[PDB]
Each structure stands twice: as C-alpha cells, then as structure tokens.
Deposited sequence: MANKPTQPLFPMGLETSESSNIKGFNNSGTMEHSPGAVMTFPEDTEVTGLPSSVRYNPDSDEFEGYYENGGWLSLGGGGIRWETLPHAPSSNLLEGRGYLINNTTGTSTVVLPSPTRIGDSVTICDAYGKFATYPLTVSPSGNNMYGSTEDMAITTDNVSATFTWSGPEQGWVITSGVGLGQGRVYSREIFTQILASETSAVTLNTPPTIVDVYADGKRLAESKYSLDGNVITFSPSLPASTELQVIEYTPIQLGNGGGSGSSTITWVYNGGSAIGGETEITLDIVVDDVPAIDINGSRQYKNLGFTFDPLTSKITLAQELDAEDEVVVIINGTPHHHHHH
C-alpha cells in the first residue's frame, strides 16, 4: 500500500486449464464455482485458531469453525446425525449422534462415549416401540449420570432421550426426550433360575420391595404376577423350563406422574346435598367414615349442577371423602 509494486499484476484477470499450487491468497472479489466444481476444507485438529477460520476434523468427522470465544466448534451449531443401530448386546455410541434402537429381537445395552466437553450429547429412540417388553440399558462406564455411576434401564415403549454431559459432579443428564417414566437402576438379581416343571409361584431368598421379572428374557407386565412378602405368584402359569429372573431395582423418575375431604371430615347432620367447590369431571365414588360407595347406585351427581346428592340423612360429624 506504498512505494512501488512487489508482485506481478494481471489487470485483465487470468484463466487456468489445470490445478494450480497456491501458497494461499486474499480474495477482494467473489468466489464462484462453475458446474462440477468441488470444494473441501483443510483437515486440522489444533486447539489454537483465528476466528473466521474453518476446518474439517478427520478425528471428529465434523465441520468446525474457530469462534471469537468458544474457539473451535461445530459450524452453525450441532444437531442430530440420526443413524439406525443393528441390534447387538453392547454398542458404544458417539457424541452428536442419534441412535434408532431395534430391541424387537431382545434387550440390548448401549454405552455412552467418554465425555470431552460440557454439553457433549447422545440420543437414543425406541424405533420399534419394544422397550417395555425388551428394555434398553444406558451405561456411562465410570463417567456417571444423575450422580450414581451405575447403569439405568429405559423400560417405556417409543421413548427418546438426549443424554447431555453436565460436567463431572452430576454427569450425564436427559435434556430432551419423549415419554419418560421411572428410569430403572437395576440393584441385584434376587432370583435367577431355569424352571424344571410348569411352576406358578416360587419363594424368594428375601422380601422384594420393588422388582421387575423377566420370563424368557422378555419382561412381564406388573399385571402378570401377584407379589406377597417373599413369594412371587404368577398369573398366568409359567411354562416348564422358562428361564426366569427376578430383579430388585431403584427407580429414578424423569417424567411427571387424589381424594377430596368434605368440610374437614365433620358433617352437619340432616344434610344430603354435597355442593363441591373444586369443579372437575367424572366422579363415581365417595367414602363415609371408612366405608366408601359408588355414584348412580347410592349417590346422584351431575357435573352441570356441580353439587353431589346423598341418600340417608348424613350423620353429624361424619368422615366424608369425595373422589374425582
């Protein structure tokens, strides 16, 4: 920008028929691309950078840009690189990926990749809606989620979870998902056995508090077995030689889930019209000093009217509880 010229000028411009070999340049015009053109970024893996800079990380397989304060970082942000995962008992997921889980075949385990930066993320989704029968297990190795370093199982059908590194203290956390319930942290197999004869109920070495039961590797519905003290009873009957396991588990809640007391449990006597303030919907039940009753059988009630109708002249100071 001073004295006389350092390098040869080409005022008209210049055309090339083959690749050139250029020690970099400074564009003061437009970069165009005719058809069939092709453009790459420089590979590069260095912490240090100029902001404005762009690169391809052949480590990360991920397009980064150096940023005034964040340094190097996925370009224009990071979303969900979705990918189906063929069923397989342990799979190691990698950051920035979303996994479509086919547990139709049976249960499977997924291991979170070692965390690098606060906010690293993986996504799992019940592609085929089979996690109720055949749960998924999310292992953070030694890294830990929600405190506990332990594994948790996702037991709910068609559930998706984006796990996100919070740092070391708290570890991975779900930041985003659909249809979450009681995450299950399996505690210890209280009973594992293959069955000789068409058994129905078996005795347990200890009194189970909260368990899940696996029949032939599939997990039974809370409906399929009575529980009592330290005997599990099976409705219906279990076939002969049914590989069956009972597992005690702690429950972690990541989802979000009563009765009405009439005049503080004391009545007035000679009354039968139960005008209720809290306006709700269907209500076919109410209790009376312990024993309860069912509506339109011994209790009339229409939402429109809002009040409730009793039968026998309500006894004075009567424990009156109204459901909804």
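- The chain's deposited sequence has unresolved stretches at 258-264, 332-341, with no C-alpha coordinates there.
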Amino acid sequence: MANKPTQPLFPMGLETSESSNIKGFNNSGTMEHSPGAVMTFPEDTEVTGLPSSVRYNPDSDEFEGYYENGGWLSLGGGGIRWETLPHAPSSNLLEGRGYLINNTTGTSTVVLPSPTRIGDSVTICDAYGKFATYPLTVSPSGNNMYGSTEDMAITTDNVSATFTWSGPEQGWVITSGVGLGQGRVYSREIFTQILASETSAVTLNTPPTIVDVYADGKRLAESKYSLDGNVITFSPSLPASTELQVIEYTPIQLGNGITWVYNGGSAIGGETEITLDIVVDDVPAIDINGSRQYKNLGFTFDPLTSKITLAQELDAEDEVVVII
From here on, numbers count along this sequence of modelled residues.
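- Relative to its counterpart among 60-68 and 293-301, 293-301 has the higher mean temperature factor, C-alpha atoms as listed in the PDB entry.
- Of the two segments examined, 230-238 and 160-168, it is 230-238 that shows the higher average Cα temperature factor in the deposited entry.
- Residue-level inspection of the entry shows that, of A37, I274, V54, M31, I274 has the top Cα B-factor.
- Reading the B-factor column for the CA atoms of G119, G147, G129, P207 in the entry, the top value corresponds to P207.
- In this PDB entry, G77 carries a Cα temperature factor that places it within the highest third of its chain's modelled residues.
- Ranked against the other modelled residues of its chain, the C-alpha B-factor of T45 as given in the entry falls in the middle third.
- In the PDB entry, a CA B factor belonging to the highest third of its chain's modelled residues is recorded for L254.
- In the deposited entry, the Cα temperature factor of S17 places it in the middle third of its chain's modelled residues.
- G181: CA B factor lies in the highest third for its chain, per the PDB record.
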